[PDB]
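Worksheet: the structure to be examined is printed underneath.
A short reminder: the numbers here are calculations on the coordinates, not readings from a lab. FYI the Cβ positions are ideal-geometry reconstructions off the backbone, even for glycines, and counts take in every protein chain you see.
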Amino acid sequence: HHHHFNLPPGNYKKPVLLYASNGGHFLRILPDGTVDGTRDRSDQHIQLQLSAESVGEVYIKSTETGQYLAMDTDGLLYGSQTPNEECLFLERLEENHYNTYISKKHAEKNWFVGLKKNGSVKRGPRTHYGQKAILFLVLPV
């Protein structure tokens, strides 16, 4: 293990929003595989579904398009048609309150899912522990 094992209460059954504490954007996976954020709560592409593959390990999937959130070899988030090793994230509690998502493939590099205040997602190497960008609240809809 390269990381701690504080887990959030799990939310896998229901479709959810991933709300970025850092600026209030919702994580969005567009039909063309682009990943960003939007503050438009009505957007059809911010509805996500998480599934636990192993304890503490998740897929994050678009309910609208079926795409899997993934992080590529250069640290960029993308929407994948099929589940692969780039699609698994370590779901952890952070600051006793938030959820973080670490790339499993790149766990030793501490690459996180992260949203900037301007609604663009962060590249893996530009994320790290202690940032606001990595902090999510998983909201039921």
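What the table below lists for this structure:
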| quantity | calculated |
| --- | --- |
| Residue under evaluation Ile134, criteria (1) of a type in the set (A, V, I, L, M); (2) closer than 26 Å to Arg41 by Cβ; (3) touching a residue at least 40 places away in the same chain (Cβ under 8 Å); (4) part of a strand (DSSP E or B), criterion not met | (4) |
| Residues of the stretch 36-55 that turn out to be over 18 Å from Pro15 (Cα atoms) and either within 16 Å of the chain's Cα centre (by Cα) or aromatic (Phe, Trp, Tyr) (or both), as a count | 1 |
| Residue satisfying all of: in the stretch 90-111; aromatic (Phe, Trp, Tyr) and over 13 Å from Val58 (Cα atoms); surrounded by the fewest Cβ atoms within 10 Å (Cβ to Cβ) among these | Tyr98 |
| Selection count, the stretch 53-74, where residues are surrounded by 13 or more Cβ atoms within 10 Å (Cβ to Cβ), within 28 Å of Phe5 (Cβ to Cβ) and in contact (Cβ under 8 Å) with a residue 40 or more places away in the chain | 6 |
